[PDB]
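J.: Protein chains in written order, with the authors' numbering: chain C, 8 to 213; chain V, 8 to 113; chain T, 8 to 82; chain I, 1 to 176; chain H, 3 to 200, 218 to 315; chain A, 2 to 27, 51 to 112; chain W, 16 to 126; chain B, 27 to 173.
Every residue gets a Cβ at the ideal spot worked out from N, C-alpha and C, and that includes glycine.
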Amino acid sequence: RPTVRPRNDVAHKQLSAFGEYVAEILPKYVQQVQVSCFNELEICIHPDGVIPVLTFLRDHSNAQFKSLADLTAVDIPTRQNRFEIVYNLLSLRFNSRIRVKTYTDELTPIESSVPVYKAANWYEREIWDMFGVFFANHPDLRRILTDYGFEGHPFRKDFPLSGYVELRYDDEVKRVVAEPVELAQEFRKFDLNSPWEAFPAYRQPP
Amino acid sequence: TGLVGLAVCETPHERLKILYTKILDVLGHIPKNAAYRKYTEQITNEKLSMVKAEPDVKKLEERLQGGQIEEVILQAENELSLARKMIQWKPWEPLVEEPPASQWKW
Amino acid sequence: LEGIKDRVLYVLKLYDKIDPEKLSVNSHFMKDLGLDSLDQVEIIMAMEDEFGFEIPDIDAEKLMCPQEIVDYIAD
Amino acid sequence: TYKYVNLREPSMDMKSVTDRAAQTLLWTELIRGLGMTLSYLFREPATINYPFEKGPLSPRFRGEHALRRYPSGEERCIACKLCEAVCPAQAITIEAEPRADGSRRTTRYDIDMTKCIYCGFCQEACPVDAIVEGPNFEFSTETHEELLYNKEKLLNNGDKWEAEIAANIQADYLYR
Amino acid sequence: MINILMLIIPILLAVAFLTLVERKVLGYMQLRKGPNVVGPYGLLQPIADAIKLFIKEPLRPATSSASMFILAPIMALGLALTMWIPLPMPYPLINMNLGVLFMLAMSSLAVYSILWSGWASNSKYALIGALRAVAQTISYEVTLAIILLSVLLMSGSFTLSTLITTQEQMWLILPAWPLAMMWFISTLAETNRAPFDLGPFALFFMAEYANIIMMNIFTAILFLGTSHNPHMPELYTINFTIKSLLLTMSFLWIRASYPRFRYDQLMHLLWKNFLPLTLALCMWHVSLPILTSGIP
Amino acid sequence: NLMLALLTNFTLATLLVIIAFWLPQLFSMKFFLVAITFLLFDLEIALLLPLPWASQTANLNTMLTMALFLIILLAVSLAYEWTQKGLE
Amino acid sequence: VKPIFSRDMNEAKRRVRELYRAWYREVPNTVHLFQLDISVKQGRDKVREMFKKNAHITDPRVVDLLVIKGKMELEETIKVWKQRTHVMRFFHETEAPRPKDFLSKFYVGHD
Amino acid sequence: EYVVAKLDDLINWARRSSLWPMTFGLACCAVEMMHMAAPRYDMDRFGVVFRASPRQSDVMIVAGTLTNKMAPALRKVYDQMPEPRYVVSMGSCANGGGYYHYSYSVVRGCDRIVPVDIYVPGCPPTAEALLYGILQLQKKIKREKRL
Ligand SMILES: NC(=O)c1ccc[n+]([C@@H]2O[C@H](COP(=O)([O-])OP(=O)(O)OC[C@H]3O[C@@H](n4cnc5c(N)ncnc54)[C@H](OP(=O)(O)O)[C@@H]3O)[C@@H](O)[C@H]2O)c1
Ligand code: SF4
Ligand code: SF4
Ligand code: SF4
């Protein structure tokens, strides 16, 4: 292969050492599942303790991460437990990227990452906005990307793309901008999904 | 001479030696059977030998840091806070928490 | 306390969604008068502003009758 | 890589201190900054007045949509719904019916200008090269109704730009 | 007495025809073309702005408090136009007993124009920014009085006609070298929008740009002169206009070239730094007529 | 006439307001310390105003010591403005 | 227990009571500070109809989340936030509004 | 009779001479609106002045995307404007939501908030095409108030 392959695996075995090192501590409180693919590491964490996992990787003699920078969340209705809050972490001294995930349904409150990371509070507001996941012991939980008179949570797959309150008229009332009107133009639902399985090995037995 | 960061580059030796000797005792208070104490100690003992051998050389600062003594002192300063938090909240010593539901593949 | 029952009855009878003559003295606001779980306690909040005393959440649950409310008002 | 932004004390003793003090006592560098705009005033400005002069362009530029046709009559659009699905704005709508007898080429063909973020994706996805993006700027309306394009018609009225399109596509086959 | 109308009507045209200069000369500084479509070189645009704002443009006041808001432009335009009267020129209209004292007085009363506008709006949102704009003008008037006196104490009384006669061979820029630098900066404080910036709204433009020409002329009396010539009024009239026009270019130079100094650090340039400098030169200018004979 | 010259400017200024009016038909106390110091300095300027017009007949040696004296104390008042003025 | 939320069963009910008092005091204040709009009395009637739709109470987990949301959408007035009589308005102004009947809805023909 | 018809054009010439637009930085369109200042394509002091100001301006350009958060915000700006007001919806987002459209937050059409007189269709609305929007505005002003 010359153009077909992106990069050959060489650091994959080196990154697999981290998949053993953190797992050598072996907590049922923390570890659970460790996944490593395409020069990247992924860890999912039990809901009971998220803060003790985040205090780890911060400082530490073997690996120095410090920056718990970017913070995402996954909406998926397949599992019994719905949401999956995903932390993307980066090291400056070590130069590596590791991932921290949560497995809980988190309609019930989850522990905040504000005491460990300063910029985490702004991302925590977005998760409460789009997904509707409350963070316990959080300072200033305020709406950012949502409207001031917005109902529900705008991202959830349970409701449509257009929404319920979206169209804003002016018409009859001199100053009051309208809200209750719900109709919008037709978004064409594409049913484009290819027959036959796309890739081998990814197939799971029923 | 001053470091680029906000932390002031102060000419202080053995300051790194005090903090690294302090954290070893804290680890030997509550966890003993846990692997957290068994693995962190051998890295710290390896680093302490480099300080004792090299007298105020930039090569000693270049070992596993390479951003002068000011960056290495910050690594020791938060080490005591990380060890005390690990001693207070039991996670390394005890493992008994419930397992997740069987689903992972997307 | 003297002249406390007269001050509380004048504000309670004047308020909306309440009987002026049917419910007076000893009768409960939630049991005898006929009010909702949030509606009955809301009338007690209006009486607190007129008297000039702030009422806690713990003491508000026990009080329902105007006769019982007069004893709680004294400080 | 390191480059360093800090000067680290430009003044040391006597000679180096006085000139650093002279620029703060009076001005000097402000008068030197005055000279920058002074020469900038004399040099000729690059300005284009639109109703007479025109700005620079390219052989491939996307503006207002217009569908092309074959040299011997016949509408080049074959009706696929290909360009419909690629369209990221969903501006293009297509419903097709058989044309009289034999031929099957279009009936409904509306492209919204209220939508459309201009990609050239519909130009790329088209196997017959029907929608070719012509050098267009002039489009201004009173209503949305006048702005959004109807069932071909106004798109077919792009004949006034199709002479330029035929010249531009000659720089497009075997790309540049 | 017809000459008063011959000093308002051509002056109102000068403020109008500034709109060409204020964005064409400023235009070539920024490599952009200014007025071109409207006229042959855009000469029709300055008068076109008057037809736009005066006649057709209607009013929407915030509260309109009886007398105010419709009184503030009268104070703005009135004080700006009355400043033209004491001006020496080749020959002054109704020459005052003391010249420069009338000049400093009507400029200090011109602070009211931005004061009554702050009282016109009922909201607290506008008046805080309005008082900040007063602070830009009120502070620099302290130094403006000092630098004036140092020029006067060198030669001549308060009369503006005597200031032309004292500049016979050499300009006053050379003896007052640091003081001439001050008049380039101190004049820009009076709503010029170069070191600091904050119907009837259009009338404020006609008054604020009028003061810009006024400070350009007043600097060309205190520091410029070249020649007097009482027998030939022709030679003085042309030579005075060119000197004033060169200072008008420098006023538009600061507006384009240099960013705002901040309101807090405007009080660090002045008061903290300029006031010790101006008074030290004022101390120097007291000793000058005593050290060497220099009394009018 | 000064009275005729002044009134002509104001009457034309009032007329410009009516054109736009009639024709168409369809907190923080730190600012105060700056304002007070303006007044107190200008009064020292008022005492130092006569200098170019006064010094013509009077003796120079008697004036020299007194003329500088007002400016010195005007700098001492600014010297008190250096011992913590504020954030302004 | 799991999961905590904020309160356990009976304690969650009294958190709504504390929330009710804070919002009842703001509706007279949001007439002079904000705008007249409709009425002070009619604004208080808008409060009671809002809590009637929320009145179910089966688990403290659902109740606790309503308190946090109740200290946000009703908080959009206390600390002074921009709305300009467009945001935080709950009642429909231009509503038809439709009725539920087999004679009223069927005459208009819907669904 | 003849003077009445000619004087009306003179008032219309005043707006044909100069138009002061509002500088709304609410878009990628706003960067192309900054290309109107860029010397190569200029209406600057040809008609356009970048001073803007909420009250003194005659024209307001609604640049691109508008959300439900900005829907009450842009409406109160329009009320502050003087009676001779023209609104240009420069960009495909302003015309009816170029992208997004079917999204929850983005307001469709802009005319649901503020009425539009001149529409500009272009996403990256090329400065060449942007020059039409002002030139068409000047051409559209023909006759005002007959009686
Ligand atoms: N509150 C009340 O005053 C009151 C009380 C009781 C009943 N009403 C009823 O309600 C209605 C109120 O309407 P309104 O007075 O509000 O309307 P309006 O303001 O007078 O508006 C009518 C418009 O139609 C145009 N128009 C009408 N007749 C025209 C003609 N012959 N030629 C050209 N243009 C013409 C006018 O345009 P131009 O200006 O360009 O000509 C005007 O702009 C009345 O018809 C009245 O019967 C009112
Ligand atoms: S434009 Fe091209 S791709 Fe689209 S329907 Fe016509 S022929 Fe097919
Ligand atoms: S240019 Fe892009 S958005 Fe426009 S019609 Fe073509 S594919 Fe759709
Ligand atoms: S029309 Fe295009 S350039 Fe303009 S705001 Fe929308 S996406 Fe950005």
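According to DSSP, is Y2 (chain I) part of a helix, a strand, or is it coil?
T.: The count along the fourth sequence starts at 1 and reaches residue 2 (chain I) at position 2. Correct three-state label for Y2 (chain I): coil.
J.: Report the three-state DSSP secondary structure of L78 (chain C) (helix, strand or coil).
T.: Within the first sequence, numbered from 1, the residue matching residue 78 (chain C) stands at position 71. If DSSP states are grouped into helix, strand and coil, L78 (chain C) belongs with the strands.
J.: Can you give me the C-alpha to C-alpha distance between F11 (chain A) and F51 (chain A), rounded to a whole angstrom?
T.: Mapped onto the sixth sequence, residue 11 (chain A) falls at position 10. Mapped onto the sixth sequence, residue 51 (chain A) falls at position 27. Cα to Cα, the separation comes out at about 35 Å.
J.: In the structure shown, what three-state DSSP assignment does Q162 (chain B) receive?
T.: Within the eighth sequence, residue 162 (chain B) is the residue found at index 136, counting from 1. In this structure, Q162 (chain B) counts as helix in the three-state DSSP scheme.
J.: Report back the beta-carbon spacing between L87 (chain V) and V33 (chain V) to the nearest angstrom; my notes put them in contact at under 8 Å.
T.: Residue numbering aside, residue 87 (chain V) sits at position 80 when the second sequence is read from its first letter. Residue numbering aside, residue 33 (chain V) sits at position 26 when the second sequence is read from its first letter. The pair is a contact, with the Cβ atoms about 7 Å apart (cut-off 8 Å).
J.: Just checking my contact of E170 (chain B) with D34 (chain B) at CB under 8 Å: how many whole Å lie between their CB atoms?
T.: To locate residue 170 (chain B), count along the eighth sequence from 1; it is residue 144. To locate residue 34 (chain B), count along the eighth sequence from 1; it is residue 8. Right, the Cβ-Cβ distance comes to about 7 Å (below 8 Å), so this counts as a contact.
J.: So, is the C-beta of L84 (chain A) closer than 8 Å to a C-beta in chain H?
T.: What you label residue 84 (chain A) is simply residue 60 of the sixth sequence in a count that begins at 1. So yes, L84 (chain A) belongs to the interface.
J.: Below 9 Å on C-beta distance, what does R111 (chain B) contact in chain H?
T.: In the eighth sequence, counting from the first residue as 1, residue 111 (chain B) sits at position 85. Within chain H, no residue comes near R111 (chain B); the closest Cβ sits about 11 Å away, beyond 9 Å.
J.: For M60 (chain B), does the three-state DSSP call read helix, strand or coil?
T.: Taking the first residue of the eighth sequence as 1, we reach residue 60 (chain B) at position 34. Note: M60 (chain B) maps to coil in three-state DSSP.
J.: Roughly how many angstroms lie between the CA atoms of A239 (chain H) and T245 (chain H), to the nearest whole one?
T.: Indexing the fifth sequence from 1 puts residue 239 (chain H) at position 220. Indexing the fifth sequence from 1 puts residue 245 (chain H) at position 226. About 10 Å.
J.: Helix, strand or coil for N95 (chain C)? Go by DSSP, reduced to three states.
T.: Residue 95 (chain C) sits at position 88 when you count from the first residue of the first sequence. Note: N95 (chain C) maps to strand in three-state DSSP.
J.: Going straight from the alpha carbon of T92 (chain W) to that of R149 (chain C), what length do you get?
T.: Residue mapping note: residue 92 (chain W) aligns to position 77 of the seventh sequence, counting from 1. Residue mapping note: residue 149 (chain C) aligns to position 142 of the first sequence, counting from 1. Taking the straight line from one Cα to the other gives about 13 Å.
J.: Expressed to the nearest angstrom, what Euclidean distance is found between the alpha-carbon atoms of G73 (chain V) and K65 (chain V)?
T.: Counting from one through the second sequence, the residue named residue 73 (chain V) turns up at place 66. Counting from one through the second sequence, the residue named residue 65 (chain V) turns up at place 58. Those two C-alpha atoms are separated by around 9 Å.
J.: Any residues in the stretch 23-51 of chain H with a beta carbon nearer than 8 Å to a beta carbon of chain B? Which ones, in chain order?
T.: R25, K26, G29, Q32, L33, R34, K35, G36, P37, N38, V39, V40, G44, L46, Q47, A50, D51
J.: Evaluate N235 (chain H) with the Cβ neighbour count: other Cβ atoms within 10 Å of its Cβ, from every protein chain shown; 16 or more gives buried, anything less gives exposed.
T.: To locate residue 235 (chain H), count along the fifth sequence from 1; it is residue 216. By the neighbour-count rule (16 or more Cβ atoms within 10 Å), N235 (chain H) is buried.
J.: Interface residues of chain V around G56 (chain C) at Cβ under 9 Å?
T.: By one-based count along the first sequence, residue 56 (chain C) stands at place 49. Ordered by position in chain V, the residues that pass the 9 Å Cβ test against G56 (chain C) are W96, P98, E104.
J.: Between the Cα of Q82 (chain V) and the Cα atoms of C:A80, C:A143, C:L75, C:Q71, which residue gives the shortest distance?
T.: Locating residue 82 (chain V) in the second sequence gives position 75, counting from the first residue. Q82 (chain V) has its Cα closest to that of C:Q71, out of C:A80, C:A143, C:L75, C:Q71.
J.: For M59 (chain B), count neighbouring C-beta atoms within 10 Å of its own C-beta (all shown protein chains included) and say buried if the count is 16 or more, exposed if not.
T.: Looking up residue 59 (chain B) in the eighth sequence gives position 33. The residue is buried, with at least 16 neighbouring Cβ atoms inside 10 Å.
J.: Return the residue from the list A:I69, A:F22, A:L75, A:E68 that minimises the CA-CA distance to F220 (chain H).
T.: Along the fifth sequence, read from residue 1 onward, the residue named residue 220 (chain H) stands at position 201. Of the candidates A:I69, A:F22, A:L75, A:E68, the one whose C-alpha sits nearest the C-alpha of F220 (chain H) is A:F22.
J.: In the DSSP assignment, the alpha helix (DSSP H) including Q41 (chain C) goes from what residue to what residue?
T.: On the first sequence, residue 41 (chain C) is found 34 positions in, with the first residue counted as 1. Not the alpha helix (DSSP H): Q41 (chain C) falls in the beta strand (DSSP E), residues 40-43.
J.: Using a Cβ-Cβ cutoff of less than 7 Å, which residues in the same chain neighbour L31 (chain V) once the five nearest sequence positions on both sides are dropped?
T.: Residue mapping note: residue 31 (chain V) aligns to position 24 of the second sequence, counting from 1. Answer for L31 (chain V): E48, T51, listed in chain order.
J.: Considering only residues of the same chain and omitting the five flanking positions on each side of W161 (chain I), which have a CB-CB separation below 7 Å?
T.: One-based indexing of the fourth sequence puts residue 161 (chain I) at position 161. Excluding the 5 residues flanking it on each side, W161 (chain I) has same chain C-beta neighbours closer than 7 Å at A66, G134, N136, in chain order.
J.: Based on DSSP bridge pairs, tell me the residues matched to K108 (chain C).
T.: Taking the first sequence and counting its residues from 1, the one referred to as residue 108 (chain C) is at position 101. DSSP, once it has assigned bridges, lists C:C51, C:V93 as partnering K108 (chain C).
J.: Going along the chain, which residues put their C-beta within less than 6 Å of some heavy atom in ligand 4?
T.: Those residues, listed in chain order, are I:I117, B:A53, B:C54, B:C55, B:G90, B:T91, B:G117, B:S118, B:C119, B:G124, B:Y125, B:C149, B:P150.
J.: Could you please give the first and the last residue of the uninterrupted beta strand (DSSP E) stretch that includes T93 (chain I)?
T.: By 1-based counting over the fourth sequence, the position of residue 93 (chain I) is 93. It spans 92-95 - the beta strand (DSSP E) in which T93 (chain I) sits, taken as one unbroken run.
J.: Given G123 (chain B), which residues of its chain have a CB within under 6 Å of its CB, disregarding the five upstream and five downstream residues?
T.: Along the eighth sequence, read from residue 1 onward, the residue named residue 123 (chain B) stands at position 97. So the qualifying residues of the chain are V132, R134.
J.: Among I:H144, I:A130, I:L147, I:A171, whose alpha-carbon lies nearest the alpha-carbon of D159 (chain I)?
T.: The residue given as residue 159 (chain I) occupies position 159 in the fourth sequence. Looking at the Cα atoms, I:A130 is the closest of the given residues.
J.: Which residues mark the beginning and the end of the alpha helix (DSSP H) in which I116 (chain H) is found?
T.: To locate residue 116 (chain H), count along the fifth sequence from 1; it is residue 114. Run containing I116 (chain H): 114-122, per the alpha helix (DSSP H) assignment.
J.: Could you check how far apart the C-beta atoms of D136 (chain C) and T153 (chain C) are, in whole angstroms? I think they sit under 8 Å.
T.: Locating residue 136 (chain C) in the first sequence gives position 129, counting from the first residue. Locating residue 153 (chain C) in the first sequence gives position 146, counting from the first residue. Sure, about 5 Å apart at Cβ, within 8 Å.
J.: Terminal residues of the continuous alpha helix (DSSP H) containing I231 (chain H)?
T.: As a position in the fifth sequence, residue 231 (chain H) is number 212, starting the count at 1. It spans 219-241 - the alpha helix (DSSP H) in which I231 (chain H) sits, taken as one unbroken run.
J.: Who are the near neighbours of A196 (chain H) in its chain, counting only those whose CB is closer than 6 Å to its CB and skipping five residues on each side?
T.: Taking the fifth sequence and counting its residues from 1, the one referred to as residue 196 (chain H) is at position 194. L190, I273, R274, listed in sequence order.
J.: Measure the Cβ-Cβ separation of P80 (chain B) and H101 (chain W) and say whether it is below 8 Å.
T.: Translated into positions along the eighth sequence, residue 80 (chain B) becomes position 54. Translated into positions along the seventh sequence, residue 101 (chain W) becomes position 86. It is not a contact, given that the beta carbons lie outside the stated cut-off.
J.: Would you say the beta carbon of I167 (chain B) comes nearer than 7 Å to a heavy atom of ligand 2?
T.: Along the eighth sequence, read from residue 1 onward, the residue named residue 167 (chain B) stands at position 141. No heavy atom of ligand 2 is found nearer than 7 Å to the CB of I167 (chain B).
J.: Rounding to the nearest angstrom, what Cα-Cα distance links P37 (chain H) and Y50 (chain I) in this structure?
T.: As a working note, residue 37 (chain H) is residue 35 in the fifth sequence. As a working note, residue 50 (chain I) is residue 50 in the fourth sequence. Their Cα atoms are separated by approximately 14 Å.
J.: Pick helix, strand or coil for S115 (chain B), following the three-state DSSP scheme.
T.: What you label residue 115 (chain B) is simply residue 89 of the eighth sequence in a count that begins at 1. It is a strand residue.
J.: For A166 (chain I), is the classification buried or exposed, using 16 other Cβ atoms within 10 angstroms of its Cβ as the cut-off for buried?
T.: Here residue 166 (chain I) corresponds to residue number 166 of the fourth sequence, with the count starting at 1. Burial call: exposed.
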